[PDB]
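Enquirer:
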Amino acid sequence: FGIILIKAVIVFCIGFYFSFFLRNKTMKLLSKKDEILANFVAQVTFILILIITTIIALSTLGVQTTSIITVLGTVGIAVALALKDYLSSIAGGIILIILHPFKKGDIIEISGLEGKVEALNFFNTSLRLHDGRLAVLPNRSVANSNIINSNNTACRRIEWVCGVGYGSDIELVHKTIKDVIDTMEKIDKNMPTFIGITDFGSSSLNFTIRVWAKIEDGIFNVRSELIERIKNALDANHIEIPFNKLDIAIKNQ
Amino acid sequence: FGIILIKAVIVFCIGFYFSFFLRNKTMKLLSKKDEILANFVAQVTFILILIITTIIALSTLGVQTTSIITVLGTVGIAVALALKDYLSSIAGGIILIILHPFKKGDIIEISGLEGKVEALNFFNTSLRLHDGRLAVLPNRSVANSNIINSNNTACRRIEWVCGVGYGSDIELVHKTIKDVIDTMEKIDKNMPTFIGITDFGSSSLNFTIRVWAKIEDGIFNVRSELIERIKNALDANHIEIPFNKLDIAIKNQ
Amino acid sequence: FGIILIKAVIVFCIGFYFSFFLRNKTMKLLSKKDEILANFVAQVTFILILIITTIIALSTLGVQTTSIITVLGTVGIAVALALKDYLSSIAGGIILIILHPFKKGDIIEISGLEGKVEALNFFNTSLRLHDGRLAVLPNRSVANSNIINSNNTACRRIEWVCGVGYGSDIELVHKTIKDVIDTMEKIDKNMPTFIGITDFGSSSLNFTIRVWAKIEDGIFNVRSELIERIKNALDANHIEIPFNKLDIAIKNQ
Amino acid sequence: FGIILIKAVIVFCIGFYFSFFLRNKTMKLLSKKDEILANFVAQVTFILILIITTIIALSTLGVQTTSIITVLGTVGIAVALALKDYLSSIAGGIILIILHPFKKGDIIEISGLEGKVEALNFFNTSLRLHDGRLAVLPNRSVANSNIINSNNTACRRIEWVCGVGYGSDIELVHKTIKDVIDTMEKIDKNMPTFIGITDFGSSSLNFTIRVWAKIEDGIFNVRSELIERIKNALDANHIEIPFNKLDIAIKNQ
Amino acid sequence: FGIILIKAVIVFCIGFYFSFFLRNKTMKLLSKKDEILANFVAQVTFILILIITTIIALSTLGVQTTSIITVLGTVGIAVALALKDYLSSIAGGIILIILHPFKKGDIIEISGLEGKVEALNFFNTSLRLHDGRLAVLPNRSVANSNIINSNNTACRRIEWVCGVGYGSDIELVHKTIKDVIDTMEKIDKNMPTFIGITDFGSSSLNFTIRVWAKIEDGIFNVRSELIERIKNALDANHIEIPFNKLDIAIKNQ
Amino acid sequence: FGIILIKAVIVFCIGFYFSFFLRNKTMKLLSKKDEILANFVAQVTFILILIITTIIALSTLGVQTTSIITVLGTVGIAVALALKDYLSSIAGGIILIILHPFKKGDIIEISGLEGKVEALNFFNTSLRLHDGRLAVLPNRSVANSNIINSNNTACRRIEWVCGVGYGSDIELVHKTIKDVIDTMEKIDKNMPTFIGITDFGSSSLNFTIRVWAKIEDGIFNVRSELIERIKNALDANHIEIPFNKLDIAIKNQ
Amino acid sequence: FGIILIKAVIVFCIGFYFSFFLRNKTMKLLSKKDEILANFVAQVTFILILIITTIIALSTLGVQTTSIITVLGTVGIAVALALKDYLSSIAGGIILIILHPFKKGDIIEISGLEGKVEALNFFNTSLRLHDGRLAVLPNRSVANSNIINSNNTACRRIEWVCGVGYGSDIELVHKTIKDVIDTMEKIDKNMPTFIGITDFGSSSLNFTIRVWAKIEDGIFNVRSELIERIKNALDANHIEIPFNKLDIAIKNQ
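Protein chains in written order, with the authors' numbering: chain F, 18 to 270; chain G, 18 to 270; chain A, 18 to 270; chain B, 18 to 270; chain C, 18 to 270; chain D, 18 to 270; chain E, 18 to 270.
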């Protein structure tokens, strides 16, 4: 009866050694990066090569391994699952790096959060915000949301709704602004300006100002000076900016 | 006992070479596009053709490869899974390109974000916004939301709720507007206008103005001038636009 | 040893030709519709018919194809997955077309977005809005939301909360409206009207008007004119519509 | 060598005819319902029975069909997937019809949307709303939300927060209402009433009125008349309903 | 050649009858419940036992049924999937009934919707609301949300933010309330009361009243009467409850 | 021909008995806990042991069981799926009990809902709220949300924004509070206090008060007394807490 | 007939003992950590090694184990599924620990919840909040949200919108602040300051102040003092900070 019975501990041990050489070529070509990693890829690659060796050695004896493989299968599957989201941050980065419509130094607006890019981690992306802290956005997140590059086009629009005296003229202000526009140093004339009465206001009339500028000096800055001159001028032309107006009627009871 | 034992390293090497020719016909008809790409499709196509050759070579020896194939399966599956979303951006595009109710130069409103289209990447779509930065919308997202083409129909409605002296006549204003409508240059007569009292207001009476215009020189221009003349006229007819009215009653305690 | 060694290149090629006749009966009964489509269904149908032939030909040699099949499988699966959502827009339409509670020319209100229907694409659905732009709603989206047909029933209710002098009588107004109701040309008498005091208001008393009308010439027109006469009459009966009333008490400190 | 080689076109054709008899017993006991349906179930049932007979006929030749079945498998799966949601509208209906806590003529409140039921489609459900349009709610949606039957219980509570002069008595009004309650024709006495001061108000004192009534005649009218009487009475008892009170203190600067 | 060819119509019919006895022992121990149910479980159990008999009979002939079983599998799978959510309402109920931290007669607040329980259907749960209509919540929904039993504990807290004259004393009101607390018939002394100044108010100072009561005759009653006494008392101690106070400063322009 | 034909009813019955002994060792070591459970685990364990015995007995006859196993699998799978979420409440608990960063008597804030813990059911978790009712939170929910233990750290911060006469001094109040702080019995000195001007207010200046206290006698009380002293003192130092200030300008029209 | 019949109870028991040695080397290497854990891994590893032994011993008899394995499979799968999310908290942590862009002592802002990190549990993460309670964030959650490290960059921006007399000069305040900036001890000069008129206000004009500071002493104190000096100075320069301005018009009716 003997050869099977022997062929088993022949095989079982033949591979069982190969658990050392592959726990230690795991530890050889990748270990001494971290304790956590050297003993995780050397624990798992090991125990795995082990359980494959056990299953295989029971197979040479003539045992039904269909039952164990069903368990190993349905194990491996809960594993496939834990790492779904992590590995999708990984191939998130793989696709990001490879196909990039984004690269380091650009500034963007991922999901409402705008900052200049600092890092393309294996799984993570890092922004140093205008706040100046560093957000660490997992690649998974990034690769699928609307990535809004601000850097990829050199000029950007600017806007207002500058409330006037609700009683000033359609063209008075239409020229005081058309004048302050020009007096601006930081402004483009090749890019149009749409400055009209946008809407009836509650206590003030509201003028939109659409203007363009260059990415280079602007941020928010240009808008702040634009207003500092459309004040210096609207204040100057005996043109009113109204505090909330209210029409009181009085009656006693 | 020998032939199996030999047929193994026969086979094993036979294919094992074929790891060079397909690491290097991977590197041959695809590489030199990028370091990342050339060593990723050449690392994976390789390591794969390798693990297939090992398994096959152990199969010629008479070994149960059901155990390893179960692991290879349940690996490949975690892989199937990481690339679900990416590859659904890809065939997103494929469908997008092929079936298009959209094409470059059109302006649309994908998910609240309106801009003219600049790019149909493999996975990505790019809009230069009216802001003027370029959003990079993954195809996945696009192929499944409500794509609102503004370009595919030549004319668009415009609207108001123009507040009036809450005491002015139902037909007075009904004609001052029917007059300013006509005096407008940029305005269609073949397309209806619905200008009636929409609602009782809190401090003002509210008139809707529904009007149509052409895509060609419209957007916002038309509406802003429309208002610039419905003020130039409503201001002109001794018709009041009210600041918020309030009926104070007084009593002491 | 020969025959299998030969039967391989027999078979392998036997089918390998059939890669041409099915690359080009792919290109024959389907191509010339587009470059993207003719070379996509002719690339894929091809490469596939190829990898099936390879696998088959290694099978006639006595090679374990379990390893490759497991990869082919786990590939095909990531594919099954990318097209989950697209193909569910497809059979979305299939169901939509087939079982329709909806058909072209009807107006509806899919997910808050109301417009007349213009297109039933294979995947997509198109509405020309009352805006007049054309939304392109993927079938996947439509087939599963509450589809609100406005066209399927000939008559629709209309409503108000018409604020009055908070001091006028429960029946005074109850008759001025019951009078303006009748004087209306565009109104149904077979459909009831529920006009009564709905709620105590903050500065005004609030009357609901529930009235019915016909789809034919309704929408905007009816409700706006109804108000134009319930003003022409309420203004006329020395019945007040109040601006926000406020009871000031005064005391110094 | 012959018989296999022959047994193939034997088999292959044997079933290959059965493509006609099952394209046309598809077209026989089901078609003529529609063009879309007669040629869809006759195209698919067909191409299916075809690809089954191909695979089978290559099987009688001794070919590895594991390759093709893997593809047929992983195809069928993307199909399983497109129709997940549709078919769950179907078995949505099956469970709905079968186990119903709802039936036609009842009025309900599915997801905030209340209307009387008009249809139980195979996948869809239809309500003619109070509005009078007909919503078409897919069975999938319905079978899983909180279905709120209003018809399944004969009596319903009604409510207020009736603001009073903030200075009137805890019992004065507590009786004026207990009196208007009784004077109501449309009200139940074996159903309690909880009419107490519910909350200190900002400018007014707030009384809750909890009352019951019958489903038969209460659509809006009961609450609306209720108030038409609690006005006819509160107005009458020299009990104030206040416009927003405000205690002004004055000081100059 | 005969026996196989015969063993087929032997087998095929042998089971084929067993389609009658199992369409009719489907119809025998389960039917006459409904028409929908008796012909659904008798259609399906049948068609199924049919397609199992066809496949088996082609198997005795030596035909490859790997192709058909792949389709039968991939069908059965689109089925597993339509009934994922329904059958999880079912085992929802199974777990609910079995492990209950809830049973009929208790009142709860599932997902913001509070009512006394009336039904534990197979898949559904029914509440008669304090509205008095009966919601029908599918078991799926219930077994997984926060089920907030109100009935499982005999006493419940009550609360206020009772605005005072912002000028009254920290302890004056602190005793008027400590006095109104005791004078209440419906209150617990073994359960603490936390009545302090909670927050500076905008126009009024704000006092929290935390008090306990018994489920038996509480709900709304106790709080409404508690307030009717803390008004009867606060109104009485020359302690002001203020209408919104405002400090007007005046200057002309 | 016999033995097979006999070996079937040999086997089939051999196990078929074993349906009794395992219906009744189901009923033996588990039943009498409930009727629902004794006849559910005794119905399912049974019918299952039955369908396995049928399939096995047709296998000894030489019948293709691949058909039926395909249905048994694809059934078992719609079952795996219904109990996904229940059994994840289960192993939710298993994990919760095992690795607890939480144990009974702690108070927490799971998803906005804060209460002291009363129960760790198999699947459920119960909190008696500060309300005093008992919520029954499924383990599934808990094991995955941010579990905010309040009990696990002995001291907690407290906060204000205490509005002051917008004209008072930066240090006046800065010391009146620094004094009331000290006068407090219930307060920690080893824990810092950050009491400065946080923000310009609309009608009042706003001071934050950050202070620490002990879990022992605190929560909300210490805050309420803190304020009763910072009123007793701020009221006392001729330091104003302002009612909303408003700067009226007057002009007629 | 014997040997099979014997080989069964040979095998069955051979492994059946091995249920003791692997229930008790489960209990040997792992047990005594807890009762829950020692009898859970010793119950499951056991019952499992048991059901594998039974299936295997019926296999050596010649029984079709395809039916049982289908059930063991489809069981194992509902198990794979319960532990999806838990095990993804596990490999969440594994990836967190190994790849960290985060480490203990850093402060972050995980999903709106900012606190210093105290724990990296196997599954959980713990923050002691500014509040000072300890939140217990499951790793699953963390590894996938935007982890915002505040600690990883040494300097942070600060901001305002400091309202001024709407009538003061564009440069008056532009210098009072540029002066208060400098007078500040805790402020960086190498980091820019953008102090301009950001927007027209309703009752006040609004100045943004963008300034930088150092992580080390800043918190929220540097802003509070900044303001305490921009008050000490703005108050000082006869520069008004306005209470809400309102332009009253009066007319009687």
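No residue lacks a Cβ here, since even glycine has one placed at the ideal position from N, Cα and C.
Anyone know if the C-beta pair for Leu144/G and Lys133/G falls short of 8 angstroms?
Expert: Counting from one through the second sequence, the residue named residue 144/G turns up at place 127. Counting from one through the second sequence, the residue named residue 133/G turns up at place 116. Cβ atoms of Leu144/G and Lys133/G: closer than 8 angstroms.
Enquirer: In angstroms, rounded to a whole number, what distance separates the CA positions of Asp51/C and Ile115/B?
Expert: For the purposes of this step, residue 51/C is taken as the residue at position 34 of the fifth sequence. For the purposes of this step, residue 115/B is taken as the residue at position 98 of the fourth sequence. When rounded, the distance between both Cα atoms is 8 angstroms.
Enquirer: Just checking: is the beta-carbon of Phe237/D within a distance shorter than 8 angstroms of some beta-carbon in chain C?
Expert: Sequence index remark: in the sixth sequence, residue 237/D carries index 220 (1-based). Taking Cβ atoms only, chain C reaches closer than 8 angstroms to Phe237/D, which makes this a yes.
Enquirer: For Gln270/E, go through chain F and note every residue whose CB falls closer than 9 angstroms to its CB, in chain order.
Expert: As a first step, residue 270/E must be located in the seventh sequence, where it is residue number 253. Within chain F, the residues near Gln270/E are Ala266, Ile267 and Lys268.
Enquirer: Just the C-alpha distance for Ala171/C and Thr43/D, rounded to the nearest angstrom, thanks.
Expert: For this step, residue 171/C is matched to residue 154 along the fifth sequence. For this step, residue 43/D is matched to residue 26 along the sixth sequence. CA-CA distance, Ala171/C to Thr43/D, rounds to 39 angstroms.
Enquirer: Which residue wins for smallest C-alpha separation from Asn207/G, given the options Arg173/G, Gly218/G and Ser220/G?
Expert: Here residue 207/G corresponds to residue number 190 of the second sequence, with the count starting at 1. Between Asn207/G and the set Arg173/G, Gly218/G and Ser220/G, the nearest pair of CA atoms involves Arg173/G.
Enquirer: How would you call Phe139/C, buried or exposed, if buried means at least 16 neighbouring beta carbons within 10 angstroms?
Expert: On the fifth sequence, residue 139/C is found 122 positions in, with the first residue counted as 1. Flag for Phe139/C reads exposed.
Enquirer: To be precise: take each residue of the segment 165-199 of chain E, compare its Cβ to all Cβ atoms of chain D, and keep it if any distance is under 7 angstroms. Which residues remain?
Expert: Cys179 and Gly180
Enquirer: Are the C-beta atoms of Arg150/A and some chain G residue less than 8 angstroms apart?
Expert: Looking up residue 150/A in the third sequence gives position 133. Output row for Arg150/A: interface = yes.
Enquirer: Please name the residues in the segment 153-165 of chain D whose beta-carbon is closer than 8 angstroms to at least one beta-carbon of chain E, in chain order.
Expert: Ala160, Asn161, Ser162, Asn163, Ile164 and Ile165
Enquirer: What residue range is occupied by the uninterrupted beta strand (DSSP E) comprising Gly132/A?
Expert: Here residue 132/A refers to the residue found at position 115 of the third sequence. From DSSP, the beta strand (DSSP E) with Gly132/A extends over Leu130 to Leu137.
Enquirer: Could you have a look at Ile258/D and say whether DSSP puts it in helix, strand or coil?
Expert: Position 241 of the sixth sequence, counted from the start, is the residue given in the question as residue 258/D. Three-state DSSP puts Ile258/D in coil, outside helix and strand.
Enquirer: Tell me which residues share the same chain as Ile85/A and place their Cβ nearer than 8 angstroms to its Cβ, disregarding the 5 neighbours each side in the sequence.
Expert: To locate residue 85/A, count along the third sequence from 1; it is residue 68. Answer for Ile85/A: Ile72 and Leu75, listed in chain order.
Enquirer: Between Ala25/F, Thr200/F and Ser162/F, which has its C-alpha nearest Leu243/F's C-alpha?
Expert: Counting from one through the first sequence, the residue named residue 243/F turns up at place 226. For the residues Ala25/F, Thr200/F and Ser162/F, the minimum Cα distance to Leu243/F belongs to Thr200/F.
Enquirer: So within the segment 217-265 of chain F, which uninterrupted beta strand (DSSP E) runs reach at least 3 residues, ignoring any that extend past its ends?
Expert: 222-231
Enquirer: Which parts of the segment 99-162 of chain C are runs of the alpha helix (DSSP H), unbroken and 4 residues or longer, counting only runs that do not cross its ends?
Expert: 104-115 and 156-159
Enquirer: Nearest to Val58/F by CA position, among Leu89/E, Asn169/E, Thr142/E and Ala108/E, is which residue?
Expert: Along the first sequence, one-based indexing puts residue 58/F at 41. Per the Cα distances, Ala108/E.
Enquirer: Please return the same chain residues whose Cβ sits closer than 7 angstroms to the Cβ of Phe33/D, not counting the five positions on each side in sequence.
Expert: One-based indexing of the sixth sequence puts residue 33/D at position 16. Once the five neighbours on either side are set aside, the close Cβ partners of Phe33/D are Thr70.
Enquirer: Between which two residues does the alpha helix (DSSP H) harbouring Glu52/B extend?
Expert: Translated into the one-based positions of the fourth sequence, residue 52/B becomes position 35. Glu52/B -> alpha helix (DSSP H) spans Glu52 to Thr77.
Enquirer: Can you find a C-beta in chain E that's less than 8 angstroms from the C-beta of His147/F?
Expert: What you label residue 147/F is simply residue 130 of the first sequence in a count that begins at 1. So yes, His147/F belongs to the interface.
Enquirer: Can you look up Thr210/G in the DSSP assignment and give me helix, strand or coil?
Expert: For the purposes of this step, residue 210/G is taken as residue 193 along the second sequence, with counting starting at 1. DSSP places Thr210/G in coil when its eight states are reduced to three.
Enquirer: Taking 8 angstroms as the threshold (C-beta atoms), are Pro118/F and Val178/G in contact?
Expert: For this step, residue 178/G is matched to residue 161 along the second sequence. For this step, residue 118/F is matched to residue 101 along the first sequence. Taking 8 angstroms as the Cβ cut-off, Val178/G and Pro118/F do not qualify as a contacting pair.
Enquirer: Report the rounded CA-to-CA distance for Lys203/D versus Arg227/E, giving the unit in angstroms.
Expert: For the purposes of this step, residue 203/D is taken as residue 186 along the sixth sequence, with counting starting at 1. For the purposes of this step, residue 227/E is taken as residue 210 along the seventh sequence, with counting starting at 1. The straight-line gap separating the alpha-carbon atoms of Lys203/D and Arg227/E is approximately 39 angstroms.
Enquirer: Could you check what DSSP says for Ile204/D in three-state terms: helix, strand or coil?
Expert: Looking up residue 204/D in the sixth sequence gives position 187. In the structure shown, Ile204/D sits in coil (DSSP, three-state: anything other than H, G, I, E or B).
Enquirer: Could you check whether the segment 91-102 of chain F touches the segment 82-98 of chain G, counting it as contact only if at least three pairs of C-beta atoms, one from each stretch, sit closer than 8 angstroms?
Expert: yes
Enquirer: Can you tell me whether DSSP reads residue 271/G as helix, strand or coil?
Expert: Residue coverage of chain G in this structure runs from 18 to 270, which leaves residue 271/G outside it and unanswerable.
Enquirer: What separation, rounded to the nearest whole angstrom, lies between the Cα atoms of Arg246/D and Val197/D?
Expert: Working through the sixth sequence from its first residue, we reach residue 246/D at position 229. Working through the sixth sequence from its first residue, we reach residue 197/D at position 180. Between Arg246/D and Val197/D, the C-alpha separation is close to 7 angstroms.
Enquirer: By the 10 Å Cβ neighbour count, where 16 or more other Cβ atoms means buried, how is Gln60/A classified, buried or exposed?
Expert: In the third sequence, the residue the question calls residue 60/A occupies position 43. The residue in question, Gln60/A, is exposed, as its Cβ has fewer than 16 Cβ neighbours within 10 Å.
Enquirer: Can you name the start and end residues of the beta strand (DSSP E) that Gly180/A belongs to?
Expert: Locating residue 180/A in the third sequence gives position 163, where the first residue counts as 1. Counting along the chain, the beta strand (DSSP E) containing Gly180/A begins and ends at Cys172 to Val181.
Enquirer: Using 8 angstroms as the threshold, is the C-beta distance between residue 298/C and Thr62/C below it?
Expert: Because chain C in this structure spans residues 18 to 270, residue 298/C falls outside the shown range and cannot be described.
Enquirer: Can you pull the chain C neighbours of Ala99/D, defined as C-beta to C-beta under 9 angstroms?
Expert: Here residue 99/D refers to the residue found at position 82 when the sixth sequence is read from its first residue. Per Cβ cutoff of 9 angstroms: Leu100, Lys101, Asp102, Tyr103, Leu104, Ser105, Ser106, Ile107, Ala108 and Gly109.
Enquirer: In whole angstroms, what separates the C-alpha of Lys45/F from that of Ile64/A?
Expert: On the first sequence, position 28 is the one that residue 45/F refers to. On the third sequence, position 47 is the one that residue 64/A refers to. Roughly 39 angstroms between the two C-alpha positions.
Enquirer: Using a cut-off of 8 angstroms between C-beta atoms, extract the partners of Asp216/G located in chain A.
Expert: Your numbering for residue 216/G matches position 199 in the second sequence. Neighbours of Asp216/G on chain A, chain order: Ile244.
Enquirer: With 8 angstroms set as the bound, which would you pick, yes or no: does the beta-carbon of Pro209/D sit closer than that to a beta-carbon of chain E?
Expert: Taking the sixth sequence and counting its residues from 1, the one referred to as residue 209/D is at position 192. No, its Cβ sits nowhere closer than 8 angstroms to a Cβ of chain E.
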